[PDB]
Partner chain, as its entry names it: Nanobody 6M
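Given next, in structure tokens, is a single chain: the form deposited without the partner chain.
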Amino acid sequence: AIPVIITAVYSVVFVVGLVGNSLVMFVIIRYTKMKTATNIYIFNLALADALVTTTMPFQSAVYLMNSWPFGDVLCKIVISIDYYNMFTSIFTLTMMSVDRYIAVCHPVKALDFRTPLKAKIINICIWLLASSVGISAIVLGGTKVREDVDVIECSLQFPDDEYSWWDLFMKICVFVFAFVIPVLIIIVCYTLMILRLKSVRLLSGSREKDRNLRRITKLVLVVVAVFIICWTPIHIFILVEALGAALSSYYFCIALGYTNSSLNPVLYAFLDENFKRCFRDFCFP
């Protein structure tokens, strides 16, 4: 047991992920060159990641001291931000996959569909949809003291009359509606996309547009794959704990889930040429 490992990971996230996501958002907002629908979805992803990053110093307290000293309102805000990030990230990735599928397999409709204004509207709709869980976490979140160890715990406060089916039902619903169905949609979309790419890879000829499409599809696929492997262990662990060394695995899964918020810019800078150019221009004008 050495507390500086996960705490150092949390601090590295708290600084680097915040800086990178802020740079991504600033670059997307400023440059008219990079105001594209996929870039708008990337902006939403970076916004969620930066929002979840600000709560990193509060997250590390329940690991350093195993108690919540920040109060009820801060507990509510932190829980709401966590649920907002979890739902918004997966929904935005699903919409990115759908947009890529439309661009690749239905170019006739993608002209009307893939305008940046529709991307902004879809981002607002995604934030509103996830608010059904964020506002619920605001209402239900709270701090309850432990009567056996005098430890303050920050968690959702289901009625103590049942507080059992409630927790299991909410965990199952979160699993189904934030992991299973969106991942199924992403898998279907990318299976069709890969089929289309293989079909025309032999003799496609619109060099500039084909290259651009294949590069953005690559970038989106890599981002989705990184998210899936970063958030897969925590979902399975939560489901197993609800239904069925353990604490070490739990905290490792939690830490791995949070590090995904910092790897998005270090992926954009390597998978996209325009993002790399803009990062260089900002760092070294």
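Residue numbers count along the first chain shown, from 1.
The following text describes the form solved in complex with the partner chain, which does not appear among the structures shown.
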Indicate whether the partner chain has at least one heavy atom within 4.5 Å of a heavy atom of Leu221 in the bound PDB entry. yes
4.5 Å heavy atom contact, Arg201 to the partner chain in the bound PDB entry: yes
At the 4.5 Å heavy atom threshold, is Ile194 in contact with the partner chain in the bound PDB entry? yes
Answer yes if any heavy atom of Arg214 is within 4.5 Å of a heavy atom of the partner chain in the bound PDB entry; otherwise answer no. yes
Out of the stretches listed (205 to 213, 77 to 85, 105 to 113, 178 to 186), which one is close to the partner chain in the bound PDB entry, meaning heavy atoms within 4.5 Å? 205 to 213
